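S.K.: Next up is a structure, given as structure tokens.
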Number of protein chains: 2
Amino acid sequence: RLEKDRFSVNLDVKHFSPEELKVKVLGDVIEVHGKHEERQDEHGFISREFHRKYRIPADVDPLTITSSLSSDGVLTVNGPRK
Amino acid sequence: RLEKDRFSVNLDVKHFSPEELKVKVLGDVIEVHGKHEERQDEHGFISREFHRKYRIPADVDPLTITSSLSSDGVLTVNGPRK
């Protein structure tokens, strides 16, 4: 069955835009990485990153858990649970 | 002489605490890295990072340029210029 239940974990990035996001699910880890250039100056650029890291194997199987994303940086991982 | 002038470049991290900061000057690059755990949950932790990156060789020589830091994350690189 691979557990019939719709499971959802949410990943939150407070404010970023989807093009500056990378969502990665790798086995037992579900992580979201966002990186944005904040302020560009002289020859100095300033960047900020958001990384949320989860390690959940019992709750996450990469074959059934999928990711949906909102424009603000909210990422939701959903699918049948393990 | 190695140019007698007090030169200052500022590196800004909007809000962080000095223990979550690393300031690095490596030749022609002057960079500040800050990393903070934002929100800790279930088995998911959320982090944010601030990285400011400069590449200035004509303005930065690691032997004379030094770094001073404020508690809010403001880092100032100062010293005689190249």
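S.K.: Restricting to segment B:1-46, and then to whatever is of a type outside the set (D, E, K, R) and more than 21 Å from the chain's Cα centre (by Cα), can you tell me which residue is nearest to B:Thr76 (Cα to Cα)?
M.R.: Among residues in segment B:1-46 that are of a type outside the set (D, E, K, R) and more than 21 Å from the chain's Cα centre (by Cα), the one nearest to B:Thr76 (Cα to Cα) is B:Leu2.
S.K.: Considering only segment A:57-82, how many residues are surrounded by fewer than 13 Cβ atoms within 10 Å (Cβ to Cβ) and of a type in the set (A, V, I, L, M)?
M.R.: Adding up the residues that qualify gives 2.
S.K.: Going through segment A:31-76 one residue at a time, which ones are in contact (Cβ under 8 Å) with a residue 40 or more places away in the chain, more than 10 Å from chain B (Cβ to nearest Cβ) and either within 16 Å of A:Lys14 (Cα to Cα) or touching a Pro at 6+ places or on another chain (Cβ under 7 Å) (or both)?
M.R.: A:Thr64, A:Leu69, A:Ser71, A:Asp72, A:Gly73, A:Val74, A:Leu75, A:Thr76
S.K.: Within segment A:9-19, which residues are farther than 13 Å from A:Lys53 by Cβ and within 13 Å of another protein chain (Cβ to nearest Cβ)?
M.R.: Correct list: A:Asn10, A:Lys14, A:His15, A:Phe16.
S.K.: Here's something else I'd like to know. For segment B:1-35, how many residues are part of a loop (DSSP other than H, G, I, E, B), surrounded by 16 or more Cβ atoms within 10 Å (Cβ to Cβ) and not aromatic (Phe, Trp, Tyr)?
M.R.: Qualifying residue count, segment B:1-35: 3.
S.K.: Can you say whether B:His51 is surrounded by 18 or more Cβ atoms within 10 Å (Cβ to Cβ) and in contact with an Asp or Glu (Cβ under 9 Å, 6 or more places away or on another chain), as far as the supplied structure shows?
M.R.: yes
Since every read-out is calculated from the coordinates, none of them should be taken as a lab result. Neighbour counts run over all protein chains shown; Cβ positions are idealised from the backbone, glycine included.
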